[PDB]
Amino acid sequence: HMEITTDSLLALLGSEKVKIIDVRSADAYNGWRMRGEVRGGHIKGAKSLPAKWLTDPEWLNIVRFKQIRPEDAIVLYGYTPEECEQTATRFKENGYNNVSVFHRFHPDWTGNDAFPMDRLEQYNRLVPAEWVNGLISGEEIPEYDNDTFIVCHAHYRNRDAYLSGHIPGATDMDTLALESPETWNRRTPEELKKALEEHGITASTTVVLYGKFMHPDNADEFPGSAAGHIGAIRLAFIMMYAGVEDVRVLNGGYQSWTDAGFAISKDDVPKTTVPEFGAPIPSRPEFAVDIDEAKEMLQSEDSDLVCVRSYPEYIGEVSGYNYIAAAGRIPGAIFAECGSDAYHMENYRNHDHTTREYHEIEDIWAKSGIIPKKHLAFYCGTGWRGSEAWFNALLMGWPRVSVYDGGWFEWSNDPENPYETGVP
């Protein structure tokens, strides 16, 4: 495979005929200093294509979907050039003849302030499995300055999602612990305080949330019981609102843990009780928007509601849910199509359930005027997909992002509220 020099690559940055491809993990791409480098993240302009994906049959379709074409001048890099070899070969097997390998990313590029790098601003909230393993193992890990933690396996009324296999020592939290199946909103401060204490969580506990994807099927009574990692990010939103100061989400959920080769447990870990949550609830009320404020936001050039629903929901063909009667949409919201239905987030995720390359999310959002200079309230049917979209924006450092918790459920439950239906 041909080589490209540091000075060459520097001189080509920002040319849209050269495509720089980072074959490290998405977590390293996002900013994690996985090998102790002094500066983490990716070469400015690079795209993420983890070499992990070479063993998935999806690999070539992913490359094409990311608009990487045989006529492009491709530059690969990783922590070492040897870690790019298989990727370079797979590119050449498929007719990509202009592929170079950059050998000097680590430590030459990472170690030199003069060479541009980008990262997900708040990447340390989105943790890799190696970090969780280090935490549970009591090993020295970056981006961690606490002495108290809990790993929590989220599910919706489905303890078998946890009992069938979970991260060692993790305890399970039913989403019903922190949200009401009546309002479908976060529970009251009194209920949240007791639920968090009864799961062993204080405001100063580092909480690591993850869930298990189990292929939600709309034929089933409770499809959300299979959307465990959306549920985990929903709980992360509620905990962050409530006032857990250090909340992490395992990137890609349970699949990232098993893909990393770590041990699986089926033990039913008994919960520890803490006497005091230790902070006022909610300590971050600005993260939640309720319906009166949502109506105000529809009337301002400064703010917008962001509808993270599926297309059949948006045009009012279906409600999206076997527990929501009305079909339709909130007038004036910006559509940010989630994916295929109320329980999938394909447009925000990779095929391995890790978050989609954040620049892609940002670019698609920008085309619809979903931009950080606005106060945005993300929502959906009842707040699950909205919370995952919100979390992605939070990770990018957007300063005024919220979840409009009530969503379409609360909106349509008031017959006085106007709605739209049909193709726009």
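Numbering starts at 1 and runs along the sequence shown.
(message) Going by the mean C-alpha B-factor recorded in the entry, which is higher: 222 to 230 or 109 to 117?
(response) Averaged over C-alpha atoms, the B-factors run higher in 109 to 117.
(message) Highest mean C-alpha temperature factor of the two stretches 140 to 148 and 336 to 344, which is it?
(response) Mean C-alpha B-factor is greater for 140 to 148.
(message) By the CA temperature factor listed in this entry, which of these ranks top: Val308, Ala203, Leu298, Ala177?
(response) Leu298 has the highest C-alpha B-factor of those listed.
(message) Highest Cα temperature factor in the entry, among the options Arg125, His153, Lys92, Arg329: which one is it?
(response) Checking the PDB record, the top C-alpha B-factor among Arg125, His153, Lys92, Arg329 is at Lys92.
(request) Name the third of the chain's ranked CA B-factors that contains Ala46, choosing lowest, middle or highest. (result) Middle third of the chain for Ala46's C-alpha B-factor.
(request) Compare the C-alpha B factor of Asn98 with those of the other modelled residues in its chain, then answer lowest, middle or highest third. (result) Within its chain, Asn98 is a highest-third residue by C-alpha B-factor, going by the deposited values.
(request) Quick one: classify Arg64 as lowest, middle or highest third of the chain based on its Cα B-factor. (result) Answer is highest: the recorded C-alpha B-factor places it there.
(request) Relative to the other modelled residues of the same chain, rank the CA B-factor of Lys367 and answer lowest, middle or highest third. (result) Its C-alpha B-factor belongs to the highest third of this chain's values.
(message) Quick check on the deposited entry: does the C-alpha B-factor of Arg157 sit in the lowest, middle or highest third of its chain?
(response) Bottom third by C-alpha B-factor.
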